[PDB]
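Novice: Mind looking over this structure? Questions follow.
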């Protein structure tokens, strides 16, 4: 008015740009991005370990493999398949047949606000068991590292190593809940929600930032290996973001019509 | 002896919005630096006042191509006395599907303030027309012809050397905050329709094509403030 | 009355890294003195910059003695145009099995900075040769012959009255910290191979023996910093 | 280490009257303004000293219309020596059903102080009479005729150009606070009856109608204070 | 006032405790007869 | 800021609370038209 929008930059216009009237008071500030995200949110559920664990393979895997799937949770908002970083997001709608269903995940409601390209925070790990009268134990190792899996016998009882180690553990109470905040540990600089690139120099799938992540939480009961029940059980995991920053804005997920 | 204490009813619970922090399980770490890359975000409202192209239902010629929905207006040559585009203001209507203020409003509950829409012409420079745009607060029926849209609140607009006309829907209201979507389409959540009419015919020389086009934008004004978030709609993922 | 309190969700748990201390069950004791014996350790990095002898696979003559692995280089007399020793930089490779920075890196997760390797000659004083040592960041293939190792980053080296040549692999990187072992051998965890070539022949008088030898060391430089420990590998005990 | 504590017997309970507040689950919000609309309430006693029309049982002519109960007095022409209206002071009696101080007393337990009742004449200006109103603390029987109501505490009253006479029942008491309803109709909860008598006949010219009328009000005085609430009577909802 | 014992301190700041208003920029009786 | 009630004190020192950076040694718009 009478400016043209083809210069790429237009400002806003209050009521007295062309009409008679005065501008209105600012209402609130539930808008700042280091307050908006700070909400306790679960991403998924977890099958509980009870033995010597084994972790899934690299990208192709023929049948006859022996891994214990759906026991880890590579906690990121980024889409994840079988507890290792994927690039797309599945929803297994017609699950009849043979061959095991992979553990998918994604942080659903994060993208519907996300108009960003780069992100920066710290997080916290909140765990809760769904089955009653249960007592468990959560473990963790940082990004760019990998789980230790073996067992050493004590007085005829086979006990695995993930009771001990360097990286922290946590033992819950009688049906309690464990929570702690966890800082940055990534080799790269800021978390990407978009990426070009590839993992190695050549002959790699183009798009997955394999070492710009957080880490993973696994749950296990404090019992020796030979005293394990036949009923399997479950537990969920929750994340709340903290002290966040953001850079160089972008689009939003496309809404249906449909 | 220890200091005597009394635990209240709130034991061992965790609230999602609970404004406090928790003991870290591993601390005293450093991080890569930040400062080299520019473009911070302090508020998303610096984000929210960017132009955004609206999306409309196509006029009755459905092209069988994917998603026949159109970010412009095809003005007809023929003389009829009904408006070109008329759409309400409820920030979940299928005209507000992918506008920014619609998009980051779709997960909040209440806002306050103005809503700019502007419109960019696109046609041959030897063509010229006069277009008025008009707005009315909620009447009983909908204002249809030019007397009704005439009395209320409008601006006429030329075609010249520039190509746009910044318009701001004023903010009249019973209550200061307003909702974002209408579970019951009440007076608190709608604010009357918006339309634009052609006032005089588009005028253009020979051997240059008929039926010009106009794009629509939609942006937050100055006073546009948001509050109090809500859980989101995951229906984009299915 | 007691002060009102509210226990949060973290009840009765114990974190392994939890930065606090616990009430003693028996206190007020004394101890023998300390000060008489010298040699404190404040940081293990004062430990980490000591020379350490590397370990290599023996050339194809397997002596049936125990663990035929060799901390030197047997230079051949014959003219061929492939390097003497070529090894990558991934701090879990079977060339980095018992170097110090490899050893105290093997239980940490991330480091930052340079890595010195130096090499000590051992041969008769009447023998003399010219040896260059070269380093290249990750190319597609591996740089093999002398033009490829020539263009990148190198130093030639004499044989004289001294016996070594301190070399420092520079620290070029996408991100400031780098990993210690590669679960997927990516660009963030490897940094290209290292090699050394013979430039001119070893030259030596009659009645003195052929094929001299060179030892390799490996030490942390100045900027070499570590962070953020991880649980260890107990495979030494089996 | 943590500060040693000792939880007392009061664990995890919540008291209804417990004077403390709780952590919010969502905070930092704003609100619409307030100041534009007038008429605040700081105390309900500013509320409590408004006039209120009492309600009585109708004299023995039951009109079959709904709720034959009457907010006035029908003075008869005939000479008899019993009072016009006599009612006790127990603030739950069926004469105190919808007076204000009765109404907001009906959910409290104890008060202290005076109780104003006033009475507004309504009749033709050419009519005139003399009416006394009298009050007695609890005797054995009830004071009935004019000597008994004469000795105690009274005021005579004219009919003139005004139309009312503000009367205040004095506050004599064994104990300073008094109850609001009598579970056992004791000396602590009742304070003797109140009555008014006609002293001389109503006098009025010809061709103007017989039997004038007088309205009754009931309001809190100055010292009327309340205390210590109780749970309410939901019998209005059935 | 109300009913509190909080004559020492509250834990949160008052803007987290209860909402405050915008910016538009011995008791009293209830209506005189002029 | 964010959402806290910690106007009195925090328990740990801030270097144990959240990571701080290295040493390399009224709001603003988003890009002008020069």
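Residue numbers (my numbering), protein chains in the order written: chain A, 12 to 269; chain B, 1181 to 1418; chain C, 1181 to 1418; chain D, 1181 to 1418; chain E, 640 to 673; chain F, 640 to 673. Heads up, the beta-carbon is just placed ideally off N, CA and C, and yes, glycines get one too.
Would you grab the beta carbon distance between residue 1348 (chain C) and residue 1294 (chain C) for me? Rounded to a whole angstrom, and I think it's under 8 Å.
Specialist: Translated into positions along the third chain, residue 1348 (chain C) becomes position 168. Translated into positions along the third chain, residue 1294 (chain C) becomes position 114. At roughly 5 Å, the Cβ-Cβ gap stays under 8 Å, so residue 1348 (chain C) and residue 1294 (chain C) are in contact.
Novice: Check whether the Cβ atoms of residue 1232 (chain B) and residue 1279 (chain B) lie closer than 7 Å to each other.
Specialist: Taking the second chain and counting its residues from 1, the one referred to as residue 1232 (chain B) is at position 52. Taking the second chain and counting its residues from 1, the one referred to as residue 1279 (chain B) is at position 99. Yes, they are a contact pair.
Novice: Going along chain E in order, which residues have a C-beta closer than 9 Å to the C-beta of residue 1210 (chain D)?
Specialist: Taking the first residue of the fourth chain as position 1, residue 1210 (chain D) is located at position 30. By Cβ distance, chain E contributes 658, 659, 660 and 661.
Novice: Alpha carbon to alpha carbon, how far is residue 269 (chain A) from residue 1369 (chain B)?
Specialist: Taking the first chain and counting its residues from 1, one reaches residue 269 (chain A) at position 258. Taking the second chain and counting its residues from 1, one reaches residue 1369 (chain B) at position 189. Residue 269 (chain A) and residue 1369 (chain B): Cα-Cα distance of roughly 24 Å.
Novice: For the beta strand (DSSP E) that residue 1296 (chain D) lies in, which residues bound it at each end?
Specialist: Position 116 of the fourth chain, counted from the first residue, corresponds to residue 1296 (chain D). Run containing residue 1296 (chain D): 1295–1297, per the beta strand (DSSP E) assignment.
Novice: Please go through the same chain and pick out, in chain order, the residues whose beta-carbon is closer than 6 Å to the beta-carbon of residue 1397 (chain C), but skip the five residues on each side of it.
Specialist: Against the third chain, residue 1397 (chain C) aligns to sequence position 217. Counting only Cβ-Cβ distances below 6 Å, and skipping sequence neighbours, we find 1231 and 1298.
Novice: With DSSP as the reference, label residue 162 (chain A) as helix, strand or coil.
Specialist: Here residue 162 (chain A) refers to the residue found at position 151 of the first chain. Residue 162 (chain A) falls in the strand class under three-state DSSP.
Novice: Using the beta-carbon count (16 or more within 10 Å), is residue 1189 (chain B) buried or exposed?
Specialist: Sequence index remark: in the second chain, residue 1189 (chain B) carries index 9 (1-based). Its Cβ having fewer than 16 others within 10 Å, residue 1189 (chain B) is exposed.
Novice: Please go through the same chain and pick out, in chain order, the residues whose beta-carbon is closer than 8 Å to the beta-carbon of residue 1325 (chain B), but skip the five residues on each side of it.
Specialist: Here the question's residue 1325 (chain B) lines up with position 145 in the second chain. So the list reads 1261 and 1262, once near-sequence residues are dropped.
Novice: What are the boundary residues of the alpha helix (DSSP H) that residue 1280 (chain C) is part of?
Specialist: As a first step, residue 1280 (chain C) must be located in the third chain, where it is residue number 100. 1280–1283 is the extent of the alpha helix (DSSP H) around residue 1280 (chain C).
Novice: At the level of alpha carbons, what is the spacing between residue 1359 (chain D) and residue 185 (chain A)?
Specialist: Locating residue 1359 (chain D) in the fourth chain gives position 179, counting from the first residue. Locating residue 185 (chain A) in the first chain gives position 174, counting from the first residue. Distance between the alpha carbons of residue 1359 (chain D) and residue 185 (chain A): 52 Å.
Novice: With a cut-off of 7 Å, does the C-beta of residue 51 (chain A) fall near any C-beta of chain D?
Specialist: Along the first chain, read from residue 1 onward, the residue named residue 51 (chain A) stands at position 40. It does not: the Cβ of residue 51 (chain A) has no partner Cβ on chain D nearer than 7 Å.
Novice: Among D:1287, D:1341 and D:1401, which has the Cα closest to the Cα of residue 1415 (chain D)?
Specialist: The residue labelled residue 1415 (chain D) in the question sits at position 235 within the fourth chain. For residue 1415 (chain D), the nearest C-alpha among the options comes from D:1287.
Novice: Check whether the stretch 80–96 of chain A touches the stretch 110–118 of chain A, counting contact only when three or more Cβ pairs, one atom from each stretch, lie closer than 8 Å.
Specialist: Verdict: yes, contact present.
Novice: Keeping to the same chain, check which residues put their C-beta closer than 8 Å to that of residue 126 (chain A); ignore five residues upstream and five downstream.
Specialist: Position 115 of the first chain, counting from 1, holds the residue named residue 126 (chain A). Excluding positions up to five away in sequence, the list reads 260, 261, 262 and 263.
Novice: Quick one: Cα of residue 1343 (chain B) to Cα of residue 1253 (chain B), how far?
Specialist: If you number the second chain from 1, residue 1343 (chain B) lands on position 163. If you number the second chain from 1, residue 1253 (chain B) lands on position 73. Approximately 15 Å, taken between the alpha carbons.
Novice: For residue 1283 (chain C), decide whether its Cβ has a neighbour in chain A, counting only Cβ atoms nearer than 7 Å.
Specialist: The residue labelled residue 1283 (chain C) in the question sits at position 103 within the third chain. So, not an interface residue.
Novice: Please identify the residue among C:1392, C:1311, C:1270 and C:1284 whose C-alpha is closest to the C-alpha of residue 1372 (chain C).
Specialist: Counting from one through the third chain, the residue named residue 1372 (chain C) turns up at place 192. Taking only the C-alpha atoms, the option nearest residue 1372 (chain C) is C:1270.
Novice: Need the endpoints of the beta strand (DSSP E) that residue 1291 (chain D) sits in, please.
Specialist: Numbered from 1 along the fourth chain, position 111 holds the residue referred to as residue 1291 (chain D). That run of the beta strand (DSSP E) goes 1288–1292.
Novice: For residue 135 (chain A), write down the residues that DSSP places opposite it in a beta bridge.
Specialist: Here residue 135 (chain A) is taken as the residue at index 124 of the first chain, counted from 1. For residue 135 (chain A), which the question treats as bridged, DSSP gives the partners A:192.
Novice: Could you name the residues that DSSP lists as bridge partners for residue 1377 (chain C)?
Specialist: Within the third chain, the letter at position 197 stands for residue 1377 (chain C). DSSP output for residue 1377 (chain C) lists C:1312 as bridge partner(s).
Novice: Would you please state the rounded distance, in angstroms, between the beta carbons of residue 133 (chain A) and residue 254 (chain A)? I believe it to be under 8 Å.
Specialist: In the first chain, the residue the question calls residue 133 (chain A) occupies position 122. In the first chain, the residue the question calls residue 254 (chain A) occupies position 243. Indeed, because the Cβ distance is near 6 Å, the residues count as touching under 8 Å.
Novice: What residue from D:1222, D:1393 and D:1264 has the CA that sits closest to residue 1313 (chain D)'s CA?
Specialist: Taking the first residue of the fourth chain as position 1, residue 1313 (chain D) is located at position 133. Checked all of D:1222, D:1393 and D:1264; the closest Cα to residue 1313 (chain D) is D:1264.
Novice: Using a Cβ-Cβ cut-off of less than 8 Å, give me the residues of the stretch 1201–1232 of chain C that come near chain D, in sequence order.
Specialist: Result list: 1201, 1202 and 1203.
Novice: Identify the continuous alpha helix (DSSP H) that holds residue 1327 (chain D) and give its terminal residues.
Specialist: Stepping through the fourth chain from its first residue, residue 1327 (chain D) is reached at position 147. Run containing residue 1327 (chain D): 1326–1331, per the alpha helix (DSSP H) assignment.
Novice: Along the chain, where does the alpha helix (DSSP H) that runs through residue 45 (chain A) open and close?
Specialist: For the purposes of this step, residue 45 (chain A) is taken as residue 34 along the first chain, with counting starting at 1. Per DSSP, residue 45 (chain A) belongs to the alpha helix (DSSP H) from 44–47.
Novice: Using a Cβ cut-off of 7 Å (strictly closer), state whether residue 1402 (chain B) contacts chain D.
Specialist: Residue mapping note: residue 1402 (chain B) aligns to position 222 of the second chain, counting from 1. Taking Cβ atoms only, chain D never reaches closer than 7 Å to residue 1402 (chain B), which makes this a no.
Novice: Can you round the beta-carbon distance between residue 278 (chain A) and residue 128 (chain A) to whole angstroms, since I take them to be within the 8 Å contact cut?
Specialist: Chain A is shown only over 12 to 269; residue 278 (chain A) falls outside these bounds and no answer can be derived.
Novice: Can you give the Cα-Cα distance for residue 1224 (chain D) and residue 1394 (chain D), rounded to whole angstroms?
Specialist: Taking the first residue of the fourth chain as position 1, residue 1224 (chain D) is located at position 44. Taking the first residue of the fourth chain as position 1, residue 1394 (chain D) is located at position 214. Between residue 1224 (chain D) and residue 1394 (chain D), the C-alpha separation is close to 28 Å.
Novice: Using a Cβ-Cβ distance cut-off of 7 Å, determine whether residue 1191 (chain B) contacts chain D.
Specialist: As a working mapping, residue 1191 (chain B) is identified with position 11 in the second chain. Answer yes: the Cβ-Cβ gap between residue 1191 (chain B) and chain D drops below 7 Å somewhere.
Novice: Quick one, which residues of the stretch 1245–1273 of chain C are near chain B if we go by CB-CB under 8 Å, in chain order?
Specialist: Here the close residues number zero.
Novice: Anyone know if the C-beta pair for residue 1375 (chain B) and residue 1266 (chain B) falls short of 7 Å?
Specialist: Here residue 1375 (chain B) corresponds to residue number 195 of the second chain, with the count starting at 1. Here residue 1266 (chain B) corresponds to residue number 86 of the second chain, with the count starting at 1. Against a cut-off of 7 Å, the Cβ pair of residue 1266 (chain B) and residue 1375 (chain B) comes out as a contact.
Novice: Check whether the Cβ atoms of residue 1251 (chain D) and residue 1228 (chain D) lie closer than 7 Å to each other.
Specialist: Translated into positions along the fourth chain, residue 1251 (chain D) becomes position 71. Translated into positions along the fourth chain, residue 1228 (chain D) becomes position 48. No, they are not a contact pair.
Novice: What's the C-alpha gap between residue 1289 (chain C) and residue 1205 (chain B)?
Specialist: Taking the third chain and counting its residues from 1, the one referred to as residue 1289 (chain C) is at position 109. Taking the second chain and counting its residues from 1, the one referred to as residue 1205 (chain B) is at position 25. Each residue's Cα considered, the two are about 17 Å apart.
Novice: Taking the beta carbon of residue 160 (chain A) as the centre, do at least 16 other beta carbons fall within 10 Å, making it buried, or is it exposed?
Specialist: Numbered from its first residue, the first chain carries residue 160 (chain A) at position 149. Classification of residue 160 (chain A): exposed, given that the 10 Å Cβ count is below 16.
Novice: So is residue 1182 (chain B) in contact with chain C if we call contact Cβ pairs under 7 Å?
Specialist: By 1-based counting over the second chain, the position of residue 1182 (chain B) is 2. Chain C, which has no Cβ nearer than 7 Å to the Cβ of residue 1182 (chain B), makes this no.
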